[PDB]
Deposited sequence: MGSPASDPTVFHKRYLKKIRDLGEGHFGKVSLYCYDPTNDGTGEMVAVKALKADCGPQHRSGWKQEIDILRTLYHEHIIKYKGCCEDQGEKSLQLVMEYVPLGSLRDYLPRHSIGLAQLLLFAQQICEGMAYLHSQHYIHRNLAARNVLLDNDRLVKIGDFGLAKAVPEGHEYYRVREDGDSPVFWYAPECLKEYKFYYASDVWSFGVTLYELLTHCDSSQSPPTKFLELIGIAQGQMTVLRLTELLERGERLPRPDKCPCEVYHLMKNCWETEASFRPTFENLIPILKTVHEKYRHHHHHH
């Protein structure tokens, strides 16, 4: 679908992820005064071409583009990062969010893509609190006959959601996305509390200032087996699952395909 900027009118700002800004716009090509609300991402053909080939209930829906800006579905409940501090959410619902992330991620990996920006702020919720994986700004196609994508520097990347191989070897495997999921799972269990966030907690792990974490210091701590702590009221078994996703060796981490039945089982145990 080719959208026309003439009938696209901006309503209000949502934010920015990979330096590209997202805003709520109204598309009214018939001038009925109500129109339909869409999300417009601006300032790149690969991110658009990746999202174009993706169709899944747990992946933000591509709607089209306009002369270039990305047009996606607008989701009213927003990101998990802002949603969790706002509401009283139970353990089962948090595990259901994690299960839905895994389903969306398993599908992404099936289409031969890696996300590389899997964090709670990049996961959105529709009206039925259903997961919608967003911000494909860092997403890449894993080359055919290759097990990883060679990263061109950690530059503007969420390093505190990254496995040691991404920082040390500049390698991004499907298993590197599992490590980020482990960190996202840690985020859900802290109810996305800012005082417990991964950049904040990792600095606290040694006792260094807001910007004293080097790629070497971070690599050595992760290789030494130092990990994020168990979030308050988090069941030991949900924490042990995060640790499995945080295995030093990439090949030893669970896959998303195998994490789904496990998160389904754990969700049932804590329900009601």
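- Absence of C-alpha coordinates is noted for several segments of the deposited sequence, namely 1-8, 52-62, 87-92, 298-302.
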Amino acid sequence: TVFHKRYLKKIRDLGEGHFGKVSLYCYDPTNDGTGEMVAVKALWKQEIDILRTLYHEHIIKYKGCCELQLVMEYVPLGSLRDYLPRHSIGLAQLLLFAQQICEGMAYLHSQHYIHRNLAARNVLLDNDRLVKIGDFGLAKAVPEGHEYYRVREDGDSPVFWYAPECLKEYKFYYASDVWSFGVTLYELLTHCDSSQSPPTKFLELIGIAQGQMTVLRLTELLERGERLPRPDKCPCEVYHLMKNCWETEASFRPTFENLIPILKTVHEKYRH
From here on, numbers count along this sequence of modelled residues.
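- Higher average CA B factor: 33-41, of the stretches 33-41 and 227-235.
- Once the C-alpha B-factors are averaged per stretch, 253-261 and 14-22 rank with 14-22 first.
- In the deposited coordinates, the residue among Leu222, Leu241, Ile208, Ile60 with the greatest CA B-factor is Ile208.
- By the numbers in the PDB entry, the CA B factor is greatest at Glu144 among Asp135, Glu165, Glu103, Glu144.
- Remark: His87 belongs to the highest third of its chain, ranked by C-alpha B-factor as recorded.
- The deposited CA B-factor of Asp156 belongs to the highest third of values across its chain.
- In the deposited entry, the Cα temperature factor of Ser176 places it in the lowest third of its chain's modelled residues.
- Per-chain ranking of the deposited C-alpha B factor places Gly182 in the lowest third.
- In the PDB entry, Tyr27 places in the highest third of its chain by CA B-factor.
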